[PDB]
Every structure is written in structure tokens, then in C-alpha cells.
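The structure appears right after this line, and notes come after that.
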Amino acid sequence: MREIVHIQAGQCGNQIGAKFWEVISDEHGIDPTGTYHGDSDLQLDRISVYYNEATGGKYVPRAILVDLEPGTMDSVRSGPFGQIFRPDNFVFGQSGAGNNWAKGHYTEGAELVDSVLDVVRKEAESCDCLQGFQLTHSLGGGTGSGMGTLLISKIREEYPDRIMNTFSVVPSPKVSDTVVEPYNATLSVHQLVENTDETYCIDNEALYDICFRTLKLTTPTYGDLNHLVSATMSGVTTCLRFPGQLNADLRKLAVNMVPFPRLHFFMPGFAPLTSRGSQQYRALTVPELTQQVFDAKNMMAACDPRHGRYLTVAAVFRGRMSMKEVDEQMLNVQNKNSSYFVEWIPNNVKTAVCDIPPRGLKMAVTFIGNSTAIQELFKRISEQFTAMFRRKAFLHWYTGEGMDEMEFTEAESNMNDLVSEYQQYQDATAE
Amino acid sequence: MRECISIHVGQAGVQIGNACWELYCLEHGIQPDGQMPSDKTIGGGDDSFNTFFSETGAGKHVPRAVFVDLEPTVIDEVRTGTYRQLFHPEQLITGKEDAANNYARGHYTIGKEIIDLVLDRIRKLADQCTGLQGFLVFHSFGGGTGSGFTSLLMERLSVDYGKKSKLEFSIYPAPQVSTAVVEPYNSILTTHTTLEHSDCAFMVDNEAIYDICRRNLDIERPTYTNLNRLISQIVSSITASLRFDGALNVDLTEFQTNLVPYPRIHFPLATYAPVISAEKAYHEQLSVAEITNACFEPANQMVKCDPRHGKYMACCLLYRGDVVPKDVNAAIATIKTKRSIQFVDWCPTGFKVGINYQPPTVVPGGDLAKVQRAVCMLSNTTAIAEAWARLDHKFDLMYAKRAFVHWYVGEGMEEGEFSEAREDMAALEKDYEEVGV
Amino acid sequence: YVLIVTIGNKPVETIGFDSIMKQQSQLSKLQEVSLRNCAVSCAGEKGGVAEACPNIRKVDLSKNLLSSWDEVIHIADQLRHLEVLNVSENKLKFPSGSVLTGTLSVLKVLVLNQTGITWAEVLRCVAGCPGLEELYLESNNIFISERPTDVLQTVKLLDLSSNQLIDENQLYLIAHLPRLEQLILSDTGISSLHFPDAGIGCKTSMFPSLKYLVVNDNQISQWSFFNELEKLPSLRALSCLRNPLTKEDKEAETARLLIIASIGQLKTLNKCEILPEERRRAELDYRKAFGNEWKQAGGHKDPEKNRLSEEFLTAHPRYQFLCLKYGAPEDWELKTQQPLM
Ligand SMILES: Nc1nc2c(ncn2[C@@H]2O[C@H](COP(=O)(O)OP(=O)(O)OP(=O)(O)O)[C@@H](O)[C@H]2O)c(=O)[nH]1
Ligand SMILES: Nc1nc2c(ncn2[C@@H]2O[C@H](COP(=O)(O)OP(=O)(O)OP(=O)(O)O)[C@@H](O)[C@H]2O)c(=O)[nH]1
Ligand SMILES: [Mg+2]
Ligand SMILES: [Mg+2]
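Dropping the structure here:
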């Protein structure tokens, strides 16, 4: 019984966490009342990984909400599934940070870190075997990313033998109109490269393009981006929430998908892509699903895996299919003399099989790739860092709080070194 | 008299131990509940089978074994198995977290919390014995609880009981049975760590036993039960010398004098014959010279090598069942007039032969058949060096990239361990090449 | 029993040989003897074996000069604890119509391979061992004539291999056996097995207690064999490796999944345990492969409009239960046989 303590910081992180919880509640079979009305034995086979055992068979999530203002904390408490969460799991302040990393990491963040670690320890003590920690947040805000990095560092210092997962979200100009989002994006990346094991990059530019073109939406909002993020998250943790022949361990999965301790960034994808309301279209075969999941269009990141090198790949299918079909497909794809040869799939994919598809779909597939193309994203924000740091724009907001230009130079050097290492390993021999 | 204690760590280790104990109980007639109708000296005393079973007040023959595992899943099957009344609940030790196929974890993180309990249990079990010989540990090299914890326990047993032998029965992994890509990384570490805390080591090539089960036993896809039964048969054929008052290899200290002429070189080659299927119960008959000629075959050995190139340092034959000394002499003359063999002329050991007049035994309903005579040859040879040339090679394939190495350094050990381990491998290879001349 | 070589560059020192030769010199403590190529033509004086070593548990007088069968019964009589008896490769002359009983009651296993005994002869020879638990009659060119009456009702092993005259008509005579728990039939030339006494979905009354059917290296080219094997009442184990239908090629697994799909209680195949995962994989492949034909045979998800023909039922009598286990195949699951342009 491996228990994973879930965490969600910032407005975007809290919203993504709530959406993912509400999505998996319908798959596991737990009504929002806090009881299980599911009719499948496989559902309760691994429910303890994300739910606690209370009196009367009531399942309580393991999430820990954290913020610096109360607005979003109040919206989730009154949401469709706002009763399952414990009232004492909501930690918040009043003033917020103000889209400032120094104010959300060193002042208010470090001020509420005590109350947050209180609940973190209270939750960790109620677990038979703790596996790791998960956090959902963004990188274009102050409170969110600041408190996320601070809590990650604290959990690493107090629990060095625990895995860390961060479903960080990369901002984009087409979604936000804030000028200091590059600075906060650079600092969080520097902190994560030092205190993280897994980082699922979820670009906010790829999701917007998908919602605008694929879904054919006139004016997409955060509701068309959060649904996709929650769907991808549910598709990623399909093995960690249900049985499976493949090894569904978090530590072993991270070890196999983290061959490099600085290139631990993973691009996640999922086909078929659906919107809100309309989700029951058709049932795609295994070949079509594999072709769509490995397509740059079904990628949550703005980078294309084809423009790089495949280091590690993890595929997870769910629906009504046998492992033999997936194995034959994956073996014929790499066969250069077959009639189904492609040029965007490596010669080793960790395939998985499941019998519990999501809601509104009969079959689904998820892919996670440690390709080097993600470096492109690291170069997209870096350029912006050069169009501000050189002019010292809005630097009095950071230096006035306590930060030094020595912290900015170190973060820039770390980002440059990461990009250089990625580009260097991209040119390695494929032996 | 003197008894022995067998510590079974890991999944493969506990499985092999369970198979060995089942075969031992079926041979000695001990029922699952622990009732030996052939035994008459109740309470205690001295017998041939007393070296592996402790007698209680109610006449229960508790196996002298310690099954330890870092996960409760594997031990649950033993606790709820048919032999639940055979082993004592305290002898089964469980853990809450596994090593996730990691040597540093099993040797530092998870090992530091269970090593004390394991040592306390071993001390409690040894308090009843009047004279212990050694510690027959069972592990493999493709996991983190079989290499890390095994080395951690050897380090403590070499200090607590230094005047006791330490035999091992390792399992050489294979690329077809491999469960992880860092499987070699664990192997090298534990191999370098038990060199000065182990007299004789027995390695089982997974591919060799797989091919044996596919060909001899005739199985489409041999499972772990098929390979655990053959390992139990091998262990029984090897331990018959201690379980039946055999003339050859009466104690554990003789294994180092007969099959380990050099301290650093302690990896003999063990082969066994015959291997008949359950379907062909009475199809063909093998003489004492047709089964002793089948133990000089590369495909019949437990490790894929070519002994015909190198030379042998030692040799010990063990026959079990209807075997007349005249037949043994005829087989020796046949092996000495037919096959061409080389031997080290300056070795302080030579050829030895022993016989055990006891009928073979096989698990009823299994894939093996009951034979009339069996042979087991234990011969140290330089050809085993080939088995290393592969392992080390893979290490290099993983050393130029340093992939998955930070996971091992971020748990306890440092970086010089790998250089020391590969430096210990180079010295072993040089010693092998020197002995081969 | 009662009665130097220098290999390489070292001598051969023998240790413990005196203990074994002193343990074997004891004739009153012989638990097993294997007299092979000893040239045994007669039993000798009566009573000598009944007082020298009357506590033998296993005897193997294979490849000897035994002429008449009475010479073997004379030795088996003096041994009041003969648990195993093997006399293969001996041209014995058994009686023509005499039954010798009251001499092999303690016989649990009997082996007479390459002996040349026929069915009428072995029927009377086994009368002396009414409590026989195992019997081996391979490599004898035996031709069954009629079913046994009051003989071989405790035998749980019937090894009929290397016999090219064993057809289904001859197997029906040995299917009445009440305690037969195994039946070996390797290298016999059988090509088909039928059970007209039962229909589709019923259990045949033949082979009541058969639990292991070995037919390796046989003429199994039609799927009708596995389909008819479903009728067996207790067919728990099956064995079949080299047939016109079974290949050692890497593409043979596609057939294995069908075999497990043809039998319902096949928990082990080719000496390999079967799990729920294996059962589900094999059951999903069988439905994925035979869905198209089910549509053409007159199949439809409608529980009242399902009208299938007889040929499709005889070829797939285990396809209707699977239709209810995991529902019927959809239209979008039977369109995966066309490429792209
Ligand atoms: N995809 C997505 N992005 C969001 C969402 N909410 C906010 N963002 C992005 O998050 C970034 C920072 O805003 P927040 O995360 O809400 O802010 P915070 O992290 O609470 O920080 P403070 O405002 O300083 O308290 C911006 O770039 C937004 O575009 C959301 O629901 N979905
Ligand atoms: N012969 C044999 N090899 C086995 C068996 N079980 C596992 N192995 C091999 O042992 C290696 C895996 O090690 P395990 O024993 O399963 O793992 P562990 O040593 O308990 O360690 P952790 O996984 O780190 O807890 C691989 O090479 C497997 O093929 C078995 O029953 N028999
Ligand atoms: Mg906010
Ligand atoms: Mg284990």
C-alpha cells in the first residue's frame, strides 16, 4: 500500500488539482458525498494510493490546498466535489504575493510555510508507506511558483528519501499579459533543476493553440485548458491508480525515465483530444491512437519531439485491448522493412494495458517523452530574460525585497548550462 | 555434530529456499505439518538430518532457515501456503519498503533498519545449536535486496562469527530474464563487497537453466516455478553430503579445500545429470558412464562457457543412488580414454569422487521424473572467466554514459565505489588469465 | 552388489567407497536393484530369494535373457514387497489364456515396454495386480480388440505411445476406465477425436476422470480436436508441442491463445500455469479473430435477432459464452484489414 500525498499551490495549481480530482472521482466510482458506488473490483484494488480509509467506508482525498489569498480557496470549497476535502486541509493568507517571486518565496511564502508543513506532516503521518510527493502549480505567477519551490525544497530537506513530482505549467503571452512572468519562470526552473526528480512540462501556448484550432473554439478560456490538463494527468497516472502487468511503481518509473538528473523534464501527450460537453465521438483503433498520441498536435508542450532525440518513452493505453496488439504494433513500427514504418518513435517504449477507460470514451492512450526538444521551450523564455535583465526593468520589486542580481545571474547561467547540455546530448550516437 | 543456518533474502532467494525445504521434507518423509513417522528419538539428539531441522517438545521438525524480505507480498504467500505449519512465524521477516532494484538502498537506507533485526534473529536461532558450521545465503544480482542487503549482512557476519564458513548460491542474471537495466550495476557492487566474506560461491546462469527447461524438460515457456524446482534439485544433490553423512564433503570447511585452491578464485562450475521429462518416465535407461559423460557437455553446464579451451583446477564427482564402485571406475576410464582434458599441474588439489546410496526424489505431479541414479560434478575452471567478460562489458556500456548512476550515489554510497568495483574486476580477470597461462 | 586412472595431471583418489561396498554387501538391506545387462535367463532355486533379500521395493530386469513369463512371476512371488517392476526389452512368452493372480497385490507400478505383449495377453497378465496404480505399454505395436472386464480398474496411468494402431475406436474402449487419471498418446498417428454421444455444449460421458491428455508429435491439423476436447469432463491439463497445427516458430503463440479459448477448464498448457491475465488475453484474441465470421453467420447483438448457422457453431462452440462474457463485437471492431493509398 503505497500512499502519495497530493499538493496544489497557486490559483492555476489549485484549479488543475480540483479538476483532476473531480475527473478521477467519476472513474474510481466515488460519489461527491464521500462514499463508493462503483461496481468494479478493479476500482478499489488500488484506491488507497490516493484516498484514506475512514469510518463508514468514506474515502477522503489526500490533497493539501495552499494559497496567499482566499478567493480560489473559497471557490474550490464550494465546488461540485468540495465536501470530500477536509476543512483543515485549506491553508491561506490575505494579501497574496503580487506576481512577485521574492514576495511569494521569501516573505509570505516562508511565513505560511510553517502552517503548510503542519498539515503536510499531519497527512504524511497517516500513511502506511509513503512513496513520494506531487505538486501542481504554474511558473508565471508569484504565490504559485514561489510557494511551490519553497515547499519542494522543504520537503527535500526534511525527506531526502522521497520522490518529487511537479506538473509545472509554463505561461505564454497569448494567455497572460504580465511583463514579470519571464523572471518568475527562470527562478522556478533554477530551483527545480536543483530540487526535483520529475517535471511534467505543460506549456500554456500549445494548449491554447489546440483549443483554438483543433477544438475550433472562438474564445477559449481556462475551462478549455484545465480540462485538457486534467485529462492528461488522469492518463499519466493510469497505472498508479489501477492494476496492471507492467511495473506501476513511482520510484522505478522515475529511475527508468530519469537517466539524466538535469534532463528530467518530460513532455506529456494524449489522444484522442476532446473538448467539454462533447466527448463521445468514436473509438479509434490502436494504430490510429498510437499515431495521434505521438503527433506534435496532441502534445501538451509547444515543442515537437521530432525536432530532437528520444531518450525515454512511456506509453499507457486504457480501454478494451490486449497487450499482444500493442506489442505487435510497437514492434512493427520500428521494423524498417514493414508497411507501417514511421520516423518519430524509438526502439523501446514502456507499454501498459488497462481495462478502465475514461468517461465518454471507449479507448485512450497517454505518452510521456524525455525528448531533448523540450530545450526549445527553455530557450523561448530565456530570450525574454535578455530583453529585461539588461534594462533592469522592474528590478526594484525584487531587489527591494531581498533578492540580489547575483541570484538572477546564477539562474541564467544554470538555464544556459541546461540548454547547452541538452543540445550536446542531442548529438549523441544512437548505438 | 554440527548444524547449519540458511538465510534466504529476496524473491528468488525465498522461492529457492521454499523449493529446497519442500524437496527436503518430501525426501526425509517429513509431512507439511512437521511429523516424521520414521523418527524415533523425540525431543532431540543427533542424527544425519538433524543438521537442518530442530526438534521441539511436540516432535515438530522446524527447518533451520531464516526467510527475510523487504516486502510483505512475497512472505504472505509463504505465511498462507501449505507449509505454513512447517516454518515458525518469527523466522519470517518482512519489510515495508523495497529497494526498487537498487544497491545503495538495500545497503544503506532500507538495510540499516532491518539488518539489526536479522542479526538478532540469527543470534536467537544459533543459540539452540551447539556448533554452527557456516551460513548458506541465497540471493541473486538483478535486484537491490539480493545484492545490497546480502553484502550488508555479510559485512556483519564476518565480524560477529569470523570462524564460520560463508557459502553462497548466487544467480547470474540473463538479458532475457533481466527485469531492469541497472541489474548489472547491482551485480558488480555485491560481487566486489562479498569477496573477502565468502569461501565458495555457486552462480546459476538464467539463460542456461531456461534453455535446459526448454530442451530437456520440454517446456514452451519455462516459468519461475520450473527454474526454482531445478535449483532445489541442484541444492539437494549438493547438500546430500551433509544431510546423509557422506564421506566426501562432510563439512562446509571442506568445500574451500576441495573446490577453492585460491582465496580470490571461488566460483566453481556445477553441473548435474540426468534431466528426464515426466512424460518419458520409462523410455530410456542411462548407465553410470552415460550420465558422467553428460556432465562434460557445455549445454549441460549451468553457465555457458567453453571449458575445452581452459584447464580445470579441481574436480569433485558426487553420485546419488544405485551406483557400484566398478561402474564408477569404468566411467572414469571411459572419460579418461575418450575426452581430452587439461589440468593445472601445480594445483594443491585434484580429482575426488563420492557416493551416496539413497534413491533420488522428485516433486510429484511436476515436470521431472524419478531416475535410478544421478551425478553432480563440481569443478573449478578458468572458463568461468568468460561469464565475467560479458557482465563487465555491460558495465562499460553503462559507464560511458553514467546513466542511472546518480540514483545510486544519491542514497548513501559515493562515486569511488564504482572505480573500486571495476578495479576489483580487473584484478580478478588478471588472476584468471595468470592461472590459465 | 556383493562382488589407477590418471586424468589430466592429477590422480583419482576414491573416498567412501568402502562404506558403499559394505552397505551394498548387505542383501537383507536392499531397497532397490537395477539388474541391467546382467543376463538373467532363469529364476533359480525356489526359496533362495525369499530368504536372501525378500524386502526389495524396486526391480528392473530390463535387457536380460528372460525367455518365459513364468520365470518373472517366480521372482515376483518370492518378493512380498515388490512395489515397482520393470521388464523392458525382454521377449517374454506369456500364456495363451491363463490368469496368474495372488502374486502382485503389492504392485503399484508396472512397465513392459518393448516386451511384445498384445492386448489379450496383458489383460490377463495384469490380473495378478488388481490394485495397479500405473501401467506403461509403449513401443509394443499393441492392437486393442475389446474393452477390459473387471481388470485395470485401479490403474491411473495408461501410457500407449509409439503405437501406430491406436485410433479413436480403440480409445473408446479404454475411456470406460473409472479411475484413469492420465492417458499418454505420443507418437501414435492419431489425427482426430470425436464424441458423438454428446452434442454442442454438453459433457461427454467418456473419460470420466481423465485429467491429463498428452498427444505431442501427432497428426493434429484440424481445429476440431481442440473443439471436441471441450466435452471432456475433467480435462485440467493438455500437452501438444509439435503438430501440423502447433509450430516451434515465433508466430505459434497465435494458435496457443486459441487452444486456451477452446477449453474452459484448461488451467495448464504445455507445462505452464495459466493466469486470469492469460485467460483474458486469449479470450479477447478469439473474439477479435472470429467477430467478422459471426456477423456473416447471422449474428447480431439483438438478444432476439441472433440466428447463427450450424457450421459456425460446430467450428466455434465456445463463441456464444464469450459473447455474453464480454458482450458482442461492435461494427467499429471488425474493420482492420485494409491499407492506405
Ligand atoms: N492553464 C492555466 N493557466 C492558468 C490558470 N490560472 C492561472 N494561469 C496562469 O498562471 C500564471 C500565474 O497566475 P496564478 O498561478 O493564478 O498566480 P498565483 O500563482 O496564485 O500567484 P499570485 O498572483 O502572486 O498570488 C499566469 O501566467 C496565468 O496565465 C488556469 O486555470 N489554467
Ligand atoms: N532463478 C531465479 N531468478 C529469479 C527469481 N526471481 C527473480 N529472479 C531474478 O532475480 C533478479 C531480480 O531480483 P529479485 O530477487 O526479484 O529482487 P530483490 O533482490 O528481492 O530486490 P528489490 O527488487 O530491490 O527489492 C532478476 O535477474 C530475476 O530474473 C526466481 O525465482 N528464480
Ligand atoms: Mg492568485
Ligand atoms: Mg523484492
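Protein chains in written order, with the UniProt record's numbering: chain A, 1 to 431; chain B, 1 to 437; chain C, 89 to 91, 103 to 440. Positions of the beta carbon are idealized from the N, C-alpha and C atoms, including for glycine.
Review point. Comparing alpha-carbon positions, which option in A:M257, A:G319, A:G277 and A:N370 lies nearest A:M299?
Key: A:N370
**Study point:** Within-8 Å CB hit, B:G350 to chain C
**Key:** yes
Check your understanding: In chain B, what lies closer than 7 Å to C:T113 by C-beta?
Key -> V353
Review point. How would you label C:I299, buried or exposed, when you count the other beta carbons within 10 angstroms and need 16 or more for buried?
Key: exposed
Check your understanding: Considering only the beta carbon of each residue, do A:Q280 and A:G223 sit closer than 8 Å?
Key -> no
Practice item. Could you confirm whether any beta carbon from chain B is found closer than 8 Å to the beta carbon of C:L340? Key: yes
Check your understanding: For B:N186 versus B:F141, is the C-beta distance shorter than 8 Å?
Key -> yes
Exercise for review: To the nearest angstrom, report how far apart A:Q11 and A:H137 are at their CA atoms.
Suggested key: 8 Å
Review point. Could you give the distance in angstroms between the alpha-carbon of A:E69 and the alpha-carbon of B:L92?
Key: 53 Å
Check your understanding: Any idea what DSSP makes of B:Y432, helix, strand or coil?
Key -> helix
Check your understanding: Does any C-beta atom of chain C lie closer than 8 Å to the C-beta of A:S138?
Key -> no
Check your understanding: For the candidate residues B:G162, B:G146, B:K124 and B:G29, whose alpha-carbon lies nearest to that of B:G13?
Key -> B:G146
Review point. Ligand 1 heavy atoms versus the CB of A:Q426: any closer than 7 Å?
Key: no
Check your understanding: Rounded to a whole number of angstroms, what is the C-alpha to C-alpha distance between A:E383 and B:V182?
Key -> 39 Å
Practice item. Leaving out five residues on either side along the sequence, give the residues of the same chain with a beta carbon under 8 Å from the beta carbon of A:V333. Key: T290, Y340, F341, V342 and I345
**Study point:** Residue interval of the beta strand (DSSP E) (run including B:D127)
**Key:** First-last for B:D127: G111 to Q128, but that is the alpha helix (DSSP H), not the beta strand (DSSP E).
Review point. Looking at B:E97 and ligand 4, is the gap between the Cβ and the nearest heavy atom below 7 Å?
Key: no
**Study point:** For B:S38 and C:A142, the rounded distance between their alpha carbons
**Key:** 34 Å
Review point. Any chance the stretch 216 to 227 of chain B sits against the stretch 26 to 40 of chain B, with 3 or more Cβ pairs inside 8 Å?
Key: no
Check your understanding: Relative to chain C, which residues along the stretch 334 to 346 of chain B have a C-beta separation below 8 Å, given in chain order?
Key -> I335, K336, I341, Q342, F343, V344 and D345
Check your understanding: Under the three-state reduction of DSSP, which class applies to A:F367: helix, strand or coil?
Key -> strand
Check your understanding: Which term fits B:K311, buried or exposed, when burial requires 16 or more other beta carbons within 10 angstroms of its beta carbon?
Key -> buried
Point to revise | Contact set for C:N391: own chain, Cβ-Cβ below 7 Å, skip 5 residues either direction | key: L433
Check your understanding: Residues of chain B with a CB under 9 Å from the CB of A:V255: which are they?
Key -> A100, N101, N102, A180, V182, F404 and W407
Practice item. With hydrogens ignored, establish whether the beta-carbon of A:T143 is closer than 7 Å to any heavy atom of ligand 1. Key: yes
Point to revise | For residue 473 of chain B, the three-state DSSP class (helix, strand or coil) | key: Nothing can be reported for residue 473 of chain B: it is not among the residues displayed for chain B, which extend from 1 to 437.
Point to revise | Test: A:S48 CB closer than 8 Å to a CB of chain C | key: no
Practice item. Confirm, please, whether the CB-CB distance from B:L259 to B:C200 is below 8 Å. Key: yes
Exercise for review: At 3 residues or longer, and completely inside the stretch 277 to 341 of chain B: list those beta strand (DSSP E) runs for me, N to C.
Suggested key: 315 to 321
Review point. Between the stretch 322 to 329 of chain B and the stretch 270 to 283 of chain B, do at least 3 Cβ pairs fall closer than 8 Å?
Key: no
Practice item. In angstroms with no decimal places, state the Cα-to-Cα distance between B:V362 and A:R241. Key: 43 Å
**Study point:** CB contact below 8 Å: C:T303 versus chain A
**Key:** no
Check your understanding: Which of the three DSSP states, helix, strand or coil, is assigned to A:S138?
Key -> strand
Review point. Checking contacts by CB at 8 Å: is B:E97 closer than that to chain A?
Key: yes
Review point. Residue range of the alpha helix (DSSP H) that C:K394 falls in?
Key: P375 to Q395
**Study point:** ligand 3 heavy atom lying under 7 Å from the CB of A:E69
**Key:** yes
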